[PDB]
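S.K.: Next up, coords-v4.cif (mmCIF, N, CA and C atoms).
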```
data_query
#
loop_
_atom_site.group_PDB
_atom_site.id
_atom_site.type_symbol
_atom_site.label_atom_id
_atom_site.label_comp_id
_atom_site.auth_asym_id
_atom_site.auth_seq_id
_atom_site.Cartn_x
_atom_site.Cartn_y
_atom_site.Cartn_z
ATOM 1 N N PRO A 125 100.555 37.038 -13.404
ATOM 2 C CA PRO A 125 99.507 37.995 -13.838
ATOM 3 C C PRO A 125 98.227 37.741 -13.056
ATOM 4 N N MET A 126 98.047 38.451 -11.947
ATOM 5 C CA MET A 126 96.852 38.252 -11.137
ATOM 6 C C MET A 126 95.626 38.940 -11.723
ATOM 7 N N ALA A 127 95.172 38.419 -12.860
ATOM 8 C CA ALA A 127 94.003 38.931 -13.575
ATOM 9 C C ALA A 127 93.725 37.958 -14.717
ATOM 10 N N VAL A 128 92.487 37.490 -14.815
ATOM 11 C CA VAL A 128 92.101 36.526 -15.842
ATOM 12 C C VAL A 128 92.221 37.003 -17.301
ATOM 13 N N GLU A 129 91.515 38.075 -17.662
ATOM 14 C CA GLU A 129 91.580 38.603 -19.025
ATOM 15 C C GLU A 129 92.728 39.601 -19.206
ATOM 16 N N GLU A 130 93.667 39.605 -18.263
ATOM 17 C CA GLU A 130 94.816 40.509 -18.314
ATOM 18 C C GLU A 130 95.698 40.243 -19.530
ATOM 19 N N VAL A 131 96.322 41.305 -20.032
ATOM 20 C CA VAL A 131 97.199 41.208 -21.186
ATOM 21 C C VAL A 131 98.480 40.435 -20.862
ATOM 22 N N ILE A 132 98.762 39.423 -21.677
ATOM 23 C CA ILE A 132 99.947 38.579 -21.534
ATOM 24 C C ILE A 132 101.061 39.245 -22.350
ATOM 25 N N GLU A 133 102.272 39.289 -21.807
ATOM 26 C CA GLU A 133 103.395 39.918 -22.502
ATOM 27 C C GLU A 133 104.680 39.103 -22.335
ATOM 28 N N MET A 134 105.472 39.030 -23.400
ATOM 29 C CA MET A 134 106.731 38.284 -23.403
ATOM 30 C C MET A 134 107.668 38.771 -24.499
ATOM 31 N N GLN A 135 108.851 39.229 -24.106
ATOM 32 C CA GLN A 135 109.850 39.681 -25.064
ATOM 33 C C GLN A 135 109.326 40.710 -26.056
ATOM 34 N N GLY A 136 108.461 41.608 -25.600
ATOM 35 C CA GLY A 136 107.920 42.621 -26.492
ATOM 36 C C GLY A 136 106.628 42.208 -27.181
ATOM 37 N N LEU A 137 106.280 40.930 -27.089
ATOM 38 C CA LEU A 137 105.064 40.435 -27.710
ATOM 39 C C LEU A 137 103.943 40.452 -26.684
ATOM 40 N N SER A 138 102.849 41.137 -26.991
ATOM 41 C CA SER A 138 101.720 41.188 -26.074
ATOM 42 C C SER A 138 100.482 40.632 -26.752
ATOM 43 N N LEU A 139 99.613 40.005 -25.960
ATOM 44 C CA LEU A 139 98.371 39.422 -26.463
ATOM 45 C C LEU A 139 97.231 39.810 -25.524
ATOM 46 N N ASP A 140 96.235 40.500 -26.073
ATOM 47 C CA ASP A 140 95.083 40.975 -25.310
ATOM 48 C C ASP A 140 93.872 40.056 -25.504
ATOM 49 N N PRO A 141 93.549 39.226 -24.498
ATOM 50 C CA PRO A 141 92.417 38.288 -24.546
ATOM 51 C C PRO A 141 91.059 38.946 -24.776
ATOM 52 N N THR A 142 90.924 40.188 -24.333
ATOM 53 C CA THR A 142 89.671 40.918 -24.475
ATOM 54 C C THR A 142 89.443 41.448 -25.896
ATOM 55 N N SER A 143 90.447 42.116 -26.446
ATOM 56 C CA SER A 143 90.329 42.689 -27.780
ATOM 57 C C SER A 143 90.908 41.802 -28.869
ATOM 58 N N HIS A 144 91.642 40.774 -28.457
ATOM 59 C CA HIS A 144 92.320 39.865 -29.376
ATOM 60 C C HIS A 144 93.384 40.612 -30.180
ATOM 61 N N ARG A 145 93.982 41.612 -29.551
ATOM 62 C CA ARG A 145 95.021 42.406 -30.185
ATOM 63 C C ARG A 145 96.377 41.809 -29.810
ATOM 64 N N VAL A 146 97.208 41.563 -30.814
ATOM 65 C CA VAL A 146 98.549 41.018 -30.615
ATOM 66 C C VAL A 146 99.512 42.063 -31.169
ATOM 67 N N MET A 147 100.552 42.374 -30.406
ATOM 68 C CA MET A 147 101.505 43.386 -30.823
ATOM 69 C C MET A 147 102.959 43.095 -30.529
ATOM 70 N N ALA A 148 103.806 43.551 -31.441
ATOM 71 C CA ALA A 148 105.245 43.434 -31.298
ATOM 72 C C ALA A 148 105.579 44.861 -30.867
ATOM 73 N N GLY A 149 105.619 45.081 -29.559
ATOM 74 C CA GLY A 149 105.878 46.410 -29.056
ATOM 75 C C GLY A 149 104.591 47.172 -29.260
ATOM 76 N N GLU A 150 104.612 48.125 -30.184
ATOM 77 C CA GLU A 150 103.421 48.918 -30.464
ATOM 78 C C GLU A 150 102.863 48.673 -31.853
ATOM 79 N N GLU A 151 103.531 47.818 -32.616
ATOM 80 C CA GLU A 151 103.075 47.497 -33.958
ATOM 81 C C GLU A 151 102.097 46.339 -33.882
ATOM 82 N N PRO A 152 100.904 46.506 -34.466
ATOM 83 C CA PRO A 152 99.900 45.438 -34.441
ATOM 84 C C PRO A 152 100.248 44.317 -35.429
ATOM 85 N N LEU A 153 99.862 43.089 -35.087
ATOM 86 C CA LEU A 153 100.128 41.931 -35.934
ATOM 87 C C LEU A 153 98.818 41.307 -36.409
ATOM 88 N N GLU A 154 98.853 40.690 -37.585
ATOM 89 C CA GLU A 154 97.673 40.067 -38.192
ATOM 90 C C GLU A 154 97.692 38.550 -38.264
ATOM 91 N N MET A 155 96.662 37.923 -37.704
ATOM 92 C CA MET A 155 96.545 36.468 -37.730
ATOM 93 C C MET A 155 95.095 36.016 -37.558
ATOM 94 N N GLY A 156 94.791 34.808 -38.029
ATOM 95 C CA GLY A 156 93.439 34.282 -37.899
ATOM 96 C C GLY A 156 93.139 33.805 -36.485
ATOM 97 N N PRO A 157 91.897 33.364 -36.201
ATOM 98 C CA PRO A 157 91.493 32.881 -34.873
ATOM 99 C C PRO A 157 92.247 31.649 -34.344
ATOM 100 N N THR A 158 92.599 30.727 -35.241
ATOM 101 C CA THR A 158 93.328 29.511 -34.870
ATOM 102 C C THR A 158 94.743 29.835 -34.402
ATOM 103 N N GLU A 159 95.402 30.725 -35.141
ATOM 104 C CA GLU A 159 96.752 31.170 -34.820
ATOM 105 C C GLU A 159 96.742 31.924 -33.494
ATOM 106 N N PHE A 160 95.710 32.738 -33.279
ATOM 107 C CA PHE A 160 95.594 33.500 -32.040
ATOM 108 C C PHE A 160 95.471 32.554 -30.849
ATOM 109 N N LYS A 161 94.637 31.539 -31.020
ATOM 110 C CA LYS A 161 94.384 30.552 -29.979
ATOM 111 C C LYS A 161 95.658 29.776 -29.706
ATOM 112 N N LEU A 162 96.379 29.459 -30.778
ATOM 113 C CA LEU A 162 97.634 28.728 -30.669
ATOM 114 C C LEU A 162 98.649 29.600 -29.928
ATOM 115 N N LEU A 163 98.751 30.870 -30.315
ATOM 116 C CA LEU A 163 99.698 31.777 -29.665
ATOM 117 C C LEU A 163 99.323 31.961 -28.202
ATOM 118 N N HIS A 164 98.031 32.094 -27.939
ATOM 119 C CA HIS A 164 97.583 32.265 -26.572
ATOM 120 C C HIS A 164 98.006 31.053 -25.729
ATOM 121 N N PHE A 165 97.845 29.853 -26.285
ATOM 122 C CA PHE A 165 98.244 28.651 -25.568
ATOM 123 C C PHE A 165 99.751 28.661 -25.286
ATOM 124 N N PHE A 166 100.547 28.994 -26.300
ATOM 125 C CA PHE A 166 102.002 29.037 -26.163
ATOM 126 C C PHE A 166 102.501 30.039 -25.131
ATOM 127 N N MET A 167 101.958 31.250 -25.153
ATOM 128 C CA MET A 167 102.396 32.267 -24.215
ATOM 129 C C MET A 167 102.032 31.954 -22.769
ATOM 130 N N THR A 168 101.092 31.029 -22.560
ATOM 131 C CA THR A 168 100.677 30.636 -21.212
ATOM 132 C C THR A 168 101.213 29.249 -20.814
ATOM 133 N N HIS A 169 101.898 28.587 -21.744
ATOM 134 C CA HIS A 169 102.508 27.272 -21.527
ATOM 135 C C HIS A 169 103.890 27.373 -22.188
ATOM 136 N N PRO A 170 104.691 28.377 -21.784
ATOM 137 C CA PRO A 170 106.027 28.599 -22.346
ATOM 138 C C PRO A 170 107.121 27.588 -22.025
ATOM 139 N N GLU A 171 108.160 27.617 -22.856
ATOM 140 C CA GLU A 171 109.357 26.782 -22.737
ATOM 141 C C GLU A 171 109.215 25.274 -22.924
ATOM 142 N N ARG A 172 108.136 24.684 -22.424
ATOM 143 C CA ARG A 172 107.924 23.245 -22.564
ATOM 144 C C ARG A 172 107.522 22.836 -23.978
ATOM 145 N N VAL A 173 107.927 21.637 -24.382
ATOM 146 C CA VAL A 173 107.589 21.111 -25.703
ATOM 147 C C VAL A 173 106.269 20.338 -25.659
ATOM 148 N N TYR A 174 105.446 20.506 -26.691
ATOM 149 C CA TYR A 174 104.174 19.797 -26.784
ATOM 150 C C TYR A 174 104.090 19.075 -28.110
ATOM 151 N N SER A 175 103.555 17.865 -28.076
ATOM 152 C CA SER A 175 103.400 17.085 -29.288
ATOM 153 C C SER A 175 102.245 17.696 -30.045
ATOM 154 N N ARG A 176 102.118 17.353 -31.319
ATOM 155 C CA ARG A 176 101.024 17.879 -32.120
ATOM 156 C C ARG A 176 99.706 17.402 -31.509
ATOM 157 N N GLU A 177 99.716 16.177 -30.984
ATOM 158 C CA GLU A 177 98.537 15.583 -30.355
ATOM 159 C C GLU A 177 98.063 16.410 -29.159
ATOM 160 N N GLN A 178 99.005 16.886 -28.343
ATOM 161 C CA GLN A 178 98.679 17.709 -27.178
ATOM 162 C C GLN A 178 98.148 19.076 -27.625
ATOM 163 N N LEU A 179 98.799 19.660 -28.628
ATOM 164 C CA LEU A 179 98.399 20.957 -29.162
ATOM 165 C C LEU A 179 97.018 20.860 -29.820
ATOM 166 N N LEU A 180 96.733 19.730 -30.459
ATOM 167 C CA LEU A 180 95.429 19.532 -31.075
ATOM 168 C C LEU A 180 94.362 19.502 -29.979
ATOM 169 N N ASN A 181 94.639 18.789 -28.888
ATOM 170 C CA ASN A 181 93.687 18.698 -27.781
ATOM 171 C C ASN A 181 93.473 20.033 -27.070
ATOM 172 N N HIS A 182 94.560 20.757 -26.815
ATOM 173 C CA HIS A 182 94.464 22.037 -26.125
ATOM 174 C C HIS A 182 93.878 23.147 -26.970
ATOM 175 N N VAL A 183 94.177 23.148 -28.261
ATOM 176 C CA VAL A 183 93.692 24.210 -29.129
ATOM 177 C C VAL A 183 92.457 23.905 -29.981
ATOM 178 N N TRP A 184 92.403 22.732 -30.601
ATOM 179 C CA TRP A 184 91.257 22.384 -31.438
ATOM 180 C C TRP A 184 90.113 21.672 -30.709
ATOM 181 N N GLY A 185 90.428 20.957 -29.633
ATOM 182 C CA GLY A 185 89.391 20.242 -28.902
ATOM 183 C C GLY A 185 89.222 18.800 -29.356
ATOM 184 N N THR A 186 87.978 18.328 -29.430
ATOM 185 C CA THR A 186 87.712 16.952 -29.848
ATOM 186 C C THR A 186 86.519 16.850 -30.793
ATOM 187 N N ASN A 187 85.585 17.779 -30.655
ATOM 188 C CA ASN A 187 84.395 17.776 -31.487
ATOM 189 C C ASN A 187 84.660 18.367 -32.870
ATOM 190 N N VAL A 188 85.798 18.015 -33.463
ATOM 191 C CA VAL A 188 86.149 18.532 -34.782
ATOM 192 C C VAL A 188 86.872 17.531 -35.685
ATOM 193 N N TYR A 189 87.974 16.967 -35.191
ATOM 194 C CA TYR A 189 88.798 16.004 -35.942
ATOM 195 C C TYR A 189 89.754 16.702 -36.932
ATOM 196 N N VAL A 190 91.054 16.589 -36.655
ATOM 197 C CA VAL A 190 92.105 17.213 -37.461
ATOM 198 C C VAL A 190 93.379 16.365 -37.439
ATOM 199 N N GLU A 191 94.129 16.376 -38.534
ATOM 200 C CA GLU A 191 95.365 15.606 -38.585
ATOM 201 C C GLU A 191 96.527 16.377 -37.943
ATOM 202 N N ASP A 192 97.590 15.655 -37.605
ATOM 203 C CA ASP A 192 98.763 16.255 -36.978
ATOM 204 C C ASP A 192 99.431 17.350 -37.811
ATOM 205 N N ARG A 193 99.553 17.134 -39.121
ATOM 206 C CA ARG A 193 100.204 18.116 -39.987
ATOM 207 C C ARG A 193 99.453 19.436 -40.093
ATOM 208 N N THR A 194 98.184 19.436 -39.682
ATOM 209 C CA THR A 194 97.382 20.655 -39.714
ATOM 210 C C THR A 194 98.014 21.602 -38.710
ATOM 211 N N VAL A 195 98.618 21.025 -37.674
ATOM 212 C CA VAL A 195 99.298 21.818 -36.660
ATOM 213 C C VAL A 195 100.462 22.528 -37.347
ATOM 214 N N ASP A 196 101.208 21.794 -38.177
ATOM 215 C CA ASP A 196 102.342 22.358 -38.897
ATOM 216 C C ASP A 196 101.896 23.513 -39.767
ATOM 217 N N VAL A 197 100.704 23.389 -40.347
ATOM 218 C CA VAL A 197 100.154 24.423 -41.226
ATOM 219 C C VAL A 197 99.877 25.715 -40.457
ATOM 220 N N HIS A 198 99.269 25.592 -39.287
ATOM 221 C CA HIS A 198 98.976 26.771 -38.491
ATOM 222 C C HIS A 198 100.206 27.285 -37.752
ATOM 223 N N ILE A 199 101.213 26.439 -37.558
ATOM 224 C CA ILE A 199 102.449 26.891 -36.915
ATOM 225 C C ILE A 199 103.112 27.832 -37.921
ATOM 226 N N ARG A 200 103.005 27.482 -39.202
ATOM 227 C CA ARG A 200 103.592 28.276 -40.283
ATOM 228 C C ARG A 200 102.925 29.640 -40.376
ATOM 229 N N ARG A 201 101.599 29.637 -40.433
ATOM 230 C CA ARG A 201 100.839 30.874 -40.507
ATOM 231 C C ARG A 201 101.106 31.765 -39.296
ATOM 232 N N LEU A 202 101.307 31.152 -38.130
ATOM 233 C CA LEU A 202 101.585 31.909 -36.907
ATOM 234 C C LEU A 202 102.977 32.530 -36.987
ATOM 235 N N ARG A 203 103.973 31.738 -37.368
ATOM 236 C CA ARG A 203 105.320 32.272 -37.512
ATOM 237 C C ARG A 203 105.291 33.436 -38.501
ATOM 238 N N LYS A 204 104.569 33.239 -39.594
ATOM 239 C CA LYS A 204 104.460 34.260 -40.624
ATOM 240 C C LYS A 204 103.889 35.557 -40.052
ATOM 241 N N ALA A 205 102.853 35.447 -39.230
ATOM 242 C CA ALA A 205 102.242 36.629 -38.623
ATOM 243 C C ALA A 205 103.145 37.312 -37.589
ATOM 244 N N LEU A 206 104.090 36.563 -37.023
ATOM 245 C CA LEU A 206 104.997 37.093 -36.003
ATOM 246 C C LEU A 206 106.327 37.641 -36.529
ATOM 247 N N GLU A 207 106.565 37.517 -37.828
ATOM 248 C CA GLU A 207 107.814 37.982 -38.437
ATOM 249 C C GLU A 207 108.199 39.446 -38.278
ATOM 250 N N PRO A 208 107.248 40.377 -38.473
ATOM 251 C CA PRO A 208 107.546 41.807 -38.343
ATOM 252 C C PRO A 208 108.544 42.135 -37.251
ATOM 253 N N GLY A 209 108.312 41.573 -36.066
ATOM 254 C CA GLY A 209 109.193 41.820 -34.938
ATOM 255 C C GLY A 209 110.181 40.707 -34.633
ATOM 256 N N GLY A 210 110.235 39.703 -35.494
ATOM 257 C CA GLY A 210 111.152 38.611 -35.264
ATOM 258 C C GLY A 210 110.701 37.684 -34.149
ATOM 259 N N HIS A 211 109.474 37.858 -33.660
ATOM 260 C CA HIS A 211 108.976 36.994 -32.581
ATOM 261 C C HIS A 211 108.680 35.576 -33.076
ATOM 262 N N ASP A 212 108.738 35.386 -34.394
ATOM 263 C CA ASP A 212 108.509 34.077 -34.987
ATOM 264 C C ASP A 212 109.586 33.128 -34.468
ATOM 265 N N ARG A 213 110.725 33.702 -34.071
ATOM 266 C CA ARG A 213 111.846 32.928 -33.533
ATOM 267 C C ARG A 213 111.505 32.273 -32.199
ATOM 268 N N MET A 214 110.410 32.713 -31.582
ATOM 269 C CA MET A 214 109.972 32.149 -30.310
ATOM 270 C C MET A 214 109.182 30.859 -30.522
ATOM 271 N N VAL A 215 108.587 30.694 -31.707
ATOM 272 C CA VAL A 215 107.847 29.476 -32.032
ATOM 273 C C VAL A 215 108.900 28.552 -32.639
ATOM 274 N N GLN A 216 109.338 27.567 -31.855
ATOM 275 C CA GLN A 216 110.399 26.660 -32.270
ATOM 276 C C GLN A 216 110.008 25.200 -32.461
ATOM 277 N N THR A 217 110.578 24.589 -33.492
ATOM 278 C CA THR A 217 110.319 23.192 -33.819
ATOM 279 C C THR A 217 111.239 22.258 -33.035
ATOM 280 N N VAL A 218 110.672 21.250 -32.392
ATOM 281 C CA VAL A 218 111.490 20.283 -31.673
ATOM 282 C C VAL A 218 111.478 19.051 -32.576
ATOM 283 N N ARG A 219 112.517 18.940 -33.404
ATOM 284 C CA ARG A 219 112.697 17.871 -34.385
ATOM 285 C C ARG A 219 112.018 16.536 -34.092
ATOM 286 N N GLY A 220 111.029 16.206 -34.916
ATOM 287 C CA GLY A 220 110.300 14.962 -34.778
ATOM 288 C C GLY A 220 109.650 14.724 -33.438
ATOM 289 N N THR A 221 109.435 15.790 -32.671
ATOM 290 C CA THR A 221 108.823 15.678 -31.344
ATOM 291 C C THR A 221 107.613 16.590 -31.134
ATOM 292 N N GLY A 222 107.706 17.837 -31.586
ATOM 293 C CA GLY A 222 106.594 18.759 -31.411
ATOM 294 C C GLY A 222 107.036 20.208 -31.458
ATOM 295 N N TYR A 223 106.381 21.064 -30.676
ATOM 296 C CA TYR A 223 106.734 22.477 -30.650
ATOM 297 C C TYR A 223 106.786 23.032 -29.242
ATOM 298 N N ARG A 224 107.516 24.132 -29.089
ATOM 299 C CA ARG A 224 107.648 24.824 -27.809
ATOM 300 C C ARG A 224 107.734 26.328 -28.101
ATOM 301 N N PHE A 225 107.347 27.153 -27.131
ATOM 302 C CA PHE A 225 107.404 28.601 -27.294
ATOM 303 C C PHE A 225 108.460 29.052 -26.293
ATOM 304 N N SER A 226 109.544 29.645 -26.789
ATOM 305 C CA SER A 226 110.635 30.047 -25.911
ATOM 306 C C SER A 226 111.194 31.449 -26.084
ATOM 307 N N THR A 227 111.635 32.022 -24.971
ATOM 308 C CA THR A 227 112.218 33.355 -24.979
ATOM 309 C C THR A 227 113.692 33.234 -25.338
ATOM 310 N N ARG A 228 114.191 32.001 -25.326
ATOM 311 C CA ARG A 228 115.584 31.723 -25.639
ATOM 312 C C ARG A 228 115.780 31.317 -27.092
ATOM 313 N N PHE A 229 116.623 32.062 -27.797
ATOM 314 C CA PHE A 229 116.909 31.793 -29.202
ATOM 315 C C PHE A 229 118.064 32.660 -29.689
#
```
Before we go any further, please render this structure as structure tokens.
M.R.:
Amino acid sequence: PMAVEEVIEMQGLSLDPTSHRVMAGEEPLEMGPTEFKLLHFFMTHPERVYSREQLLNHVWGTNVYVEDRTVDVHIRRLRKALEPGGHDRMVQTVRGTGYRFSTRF
């Protein structure tokens, strides 16, 4: 995608950095700012697995302080927001290791 604020798309799921609009095809999806940031990170760092520690650093930063399970909490809310189109299946748990976003499922 040779464009910075360009719309990211994967398996029918699109995310607009400018308007913060996320869609399963043409149906709009609802999620908070943390989930959006998490989804944005996943769609741009696909297939690879990340520990909660890595996801905390990439998404929450450092000037805040959050526990690892908080990641699990927002992973849940994100999956929940992605259900309409079944895209929640793209947010996958890597047993006792972390999470990955995949087109394969």
S.K.: Point out the residue among A:142, A:158, A:227, A:168 with the least atom-to-atom distance to residue 195 of chain A, counting only C-alpha atoms.
M.R.: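 For residue 195 of chain A, the nearest of the given residues is A:158.
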S.K.: Quick one: pull the distance between atom CA of residue 186 of chain A and atom CA of residue 216 of chain A, Å, one decimal.
M.R.: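 Spanning atom CA of residue 186 of chain A to atom CA of residue 216 of chain A is a straight-line distance of 24.8 Å.
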S.K.: At a cut-off of 6 Å, using only N, CA and C atoms, what residues contact residue 212 of chain A? Leave out same-chain residues fewer than 4 positions from it and give the result as a PDB file with N, CA and C atoms, in the frame of the given file.
M.R.:
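Ended up saving to result30.pdb:
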```pdb
ATOM      1  N   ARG A 203     103.973  31.738 -37.368  1.00  0.00           N
ATOM      2  CA  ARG A 203     105.320  32.272 -37.512  1.00  0.00           C
ATOM      3  C   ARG A 203     105.291  33.436 -38.501  1.00  0.00           C
ATOM      4  N   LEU A 206     104.090  36.563 -37.023  1.00  0.00           N
ATOM      5  CA  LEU A 206     104.997  37.093 -36.003  1.00  0.00           C
ATOM      6  C   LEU A 206     106.327  37.641 -36.529  1.00  0.00           C
ATOM      7  N   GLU A 207     106.565  37.517 -37.828  1.00  0.00           N
ATOM      8  CA  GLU A 207     107.814  37.982 -38.437  1.00  0.00           C
ATOM      9  C   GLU A 207     108.199  39.446 -38.278  1.00  0.00           C
TER      10      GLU A 207
END
```
S.K.: Box for segment 134-148 of chain A - axis-aligned, 6 Å on each of the six sides, all listed atoms - centre and size in Å to one decimal, as JSON.
M.R.:
```
{"center_x": 99.6, "center_y": 41.6, "center_z": -27.4, "size_x": 32.4, "size_y": 18.6, "size_z": 20.0}
```
S.K.: Please list as an NGL selection string every residue within 12 Å of residue 192 of chain A, counting only C-alpha atoms and excluding residues in the same chain fewer than 4 positions away.
M.R.: :A and (175-181 or 184 or 196-199 or 220-223)
S.K.: Go through A:185, A:156, A:208, A:149 and flag the residue nearest residue 137 of chain A, using all atoms listed in the file for the distances.
M.R.: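 Nearest to residue 137 of chain A: A:149.
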S.K.: Would you please work out which residue, of A:125, A:229, A:162, A:182, is nearest to residue 210 of chain A when using only C-alpha atoms?
M.R.: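 Once distances to residue 210 of chain A are computed over only C-alpha atoms, the minimum belongs to A:229.
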S.K.: Find the residue from A:164, A:152, A:187, A:214 that sits nearest to residue 130 of chain A; use only C-alpha atoms when measuring.
M.R.: A:164
S.K.: Please evaluate the PyMOL selection byres ((chain A and resi 136) around 6) against the displayed coordinates and give the resulting residues as an MDAnalysis selection string.
M.R.: chainID A and resid 133:135 137:138 147:149
S.K.: Under the rule that only N, CA and C atoms are counted, which of A:132, A:173, A:167, A:139 is the nearest residue to residue 224 of chain A?
M.R.: A:173
S.K.: What is the distance, in Å and to one decimal place, between atom CA of residue 165 of chain A and atom C of residue 151 of chain A?
M.R.: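 Taking atom CA of residue 165 of chain A and atom C of residue 151 of chain A, their separation equals 19.9 Å.
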S.K.: Looking at only C-alpha atoms, which of A:193, A:201, A:171, A:211 is the one that sits closest to residue 226 of chain A?
M.R.: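 Counting only C-alpha atoms, the residue closest to residue 226 of chain A is A:171.
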S.K.: Go through chain A and collect every residue that DSSP, computed from the backbone, puts in alpha helix (DSSP H); the answer should be as an mmCIF file with N, CA and C atoms, in the frame of the given file.
M.R.:
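For reference, result-v6.cif as written:
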```
data_model
loop_
_atom_site.group_PDB
_atom_site.id
_atom_site.type_symbol
_atom_site.label_atom_id
_atom_site.label_comp_id
_atom_site.auth_asym_id
_atom_site.auth_seq_id
_atom_site.Cartn_x
_atom_site.Cartn_y
_atom_site.Cartn_z
ATOM 1 N N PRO A 157 91.897 33.364 -36.201
ATOM 2 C CA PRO A 157 91.493 32.881 -34.873
ATOM 3 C C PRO A 157 92.247 31.649 -34.344
ATOM 4 N N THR A 158 92.599 30.727 -35.241
ATOM 5 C CA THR A 158 93.328 29.511 -34.870
ATOM 6 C C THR A 158 94.743 29.835 -34.402
ATOM 7 N N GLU A 159 95.402 30.725 -35.141
ATOM 8 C CA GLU A 159 96.752 31.170 -34.820
ATOM 9 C C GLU A 159 96.742 31.924 -33.494
ATOM 10 N N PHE A 160 95.710 32.738 -33.279
ATOM 11 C CA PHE A 160 95.594 33.500 -32.040
ATOM 12 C C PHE A 160 95.471 32.554 -30.849
ATOM 13 N N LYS A 161 94.637 31.539 -31.020
ATOM 14 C CA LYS A 161 94.384 30.552 -29.979
ATOM 15 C C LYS A 161 95.658 29.776 -29.706
ATOM 16 N N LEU A 162 96.379 29.459 -30.778
ATOM 17 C CA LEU A 162 97.634 28.728 -30.669
ATOM 18 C C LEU A 162 98.649 29.600 -29.928
ATOM 19 N N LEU A 163 98.751 30.870 -30.315
ATOM 20 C CA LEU A 163 99.698 31.777 -29.665
ATOM 21 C C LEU A 163 99.323 31.961 -28.202
ATOM 22 N N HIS A 164 98.031 32.094 -27.939
ATOM 23 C CA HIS A 164 97.583 32.265 -26.572
ATOM 24 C C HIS A 164 98.006 31.053 -25.729
ATOM 25 N N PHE A 165 97.845 29.853 -26.285
ATOM 26 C CA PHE A 165 98.244 28.651 -25.568
ATOM 27 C C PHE A 165 99.751 28.661 -25.286
ATOM 28 N N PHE A 166 100.547 28.994 -26.300
ATOM 29 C CA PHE A 166 102.002 29.037 -26.163
ATOM 30 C C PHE A 166 102.501 30.039 -25.131
ATOM 31 N N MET A 167 101.958 31.250 -25.153
ATOM 32 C CA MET A 167 102.396 32.267 -24.215
ATOM 33 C C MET A 167 102.032 31.954 -22.769
ATOM 34 N N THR A 168 101.092 31.029 -22.560
ATOM 35 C CA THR A 168 100.677 30.636 -21.212
ATOM 36 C C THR A 168 101.213 29.249 -20.814
ATOM 37 N N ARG A 176 102.118 17.353 -31.319
ATOM 38 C CA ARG A 176 101.024 17.879 -32.120
ATOM 39 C C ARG A 176 99.706 17.402 -31.509
ATOM 40 N N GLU A 177 99.716 16.177 -30.984
ATOM 41 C CA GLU A 177 98.537 15.583 -30.355
ATOM 42 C C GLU A 177 98.063 16.410 -29.159
ATOM 43 N N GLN A 178 99.005 16.886 -28.343
ATOM 44 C CA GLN A 178 98.679 17.709 -27.178
ATOM 45 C C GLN A 178 98.148 19.076 -27.625
ATOM 46 N N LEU A 179 98.799 19.660 -28.628
ATOM 47 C CA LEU A 179 98.399 20.957 -29.162
ATOM 48 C C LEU A 179 97.018 20.860 -29.820
ATOM 49 N N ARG A 193 99.553 17.134 -39.121
ATOM 50 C CA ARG A 193 100.204 18.116 -39.987
ATOM 51 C C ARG A 193 99.453 19.436 -40.093
ATOM 52 N N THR A 194 98.184 19.436 -39.682
ATOM 53 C CA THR A 194 97.382 20.655 -39.714
ATOM 54 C C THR A 194 98.014 21.602 -38.710
ATOM 55 N N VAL A 195 98.618 21.025 -37.674
ATOM 56 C CA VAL A 195 99.298 21.818 -36.660
ATOM 57 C C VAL A 195 100.462 22.528 -37.347
ATOM 58 N N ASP A 196 101.208 21.794 -38.177
ATOM 59 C CA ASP A 196 102.342 22.358 -38.897
ATOM 60 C C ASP A 196 101.896 23.513 -39.767
ATOM 61 N N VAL A 197 100.704 23.389 -40.347
ATOM 62 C CA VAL A 197 100.154 24.423 -41.226
ATOM 63 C C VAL A 197 99.877 25.715 -40.457
ATOM 64 N N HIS A 198 99.269 25.592 -39.287
ATOM 65 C CA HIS A 198 98.976 26.771 -38.491
ATOM 66 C C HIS A 198 100.206 27.285 -37.752
ATOM 67 N N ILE A 199 101.213 26.439 -37.558
ATOM 68 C CA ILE A 199 102.449 26.891 -36.915
ATOM 69 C C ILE A 199 103.112 27.832 -37.921
ATOM 70 N N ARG A 200 103.005 27.482 -39.202
ATOM 71 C CA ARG A 200 103.592 28.276 -40.283
ATOM 72 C C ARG A 200 102.925 29.640 -40.376
ATOM 73 N N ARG A 201 101.599 29.637 -40.433
ATOM 74 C CA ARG A 201 100.839 30.874 -40.507
ATOM 75 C C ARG A 201 101.106 31.765 -39.296
ATOM 76 N N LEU A 202 101.307 31.152 -38.130
ATOM 77 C CA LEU A 202 101.585 31.909 -36.907
ATOM 78 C C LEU A 202 102.977 32.530 -36.987
ATOM 79 N N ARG A 203 103.973 31.738 -37.368
ATOM 80 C CA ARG A 203 105.320 32.272 -37.512
ATOM 81 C C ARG A 203 105.291 33.436 -38.501
ATOM 82 N N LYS A 204 104.569 33.239 -39.594
ATOM 83 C CA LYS A 204 104.460 34.260 -40.624
ATOM 84 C C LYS A 204 103.889 35.557 -40.052
ATOM 85 N N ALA A 205 102.853 35.447 -39.230
ATOM 86 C CA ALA A 205 102.242 36.629 -38.623
ATOM 87 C C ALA A 205 103.145 37.312 -37.589
ATOM 88 N N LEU A 206 104.090 36.563 -37.023
ATOM 89 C CA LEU A 206 104.997 37.093 -36.003
ATOM 90 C C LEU A 206 106.327 37.641 -36.529
#
```
S.K.: Rounded to one decimal, what separation in Å do you get between atom CA of residue 161 of chain A and atom C of residue 143 of chain A?
M.R.: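 Distance reported for this atom pair: 11.8 Å.
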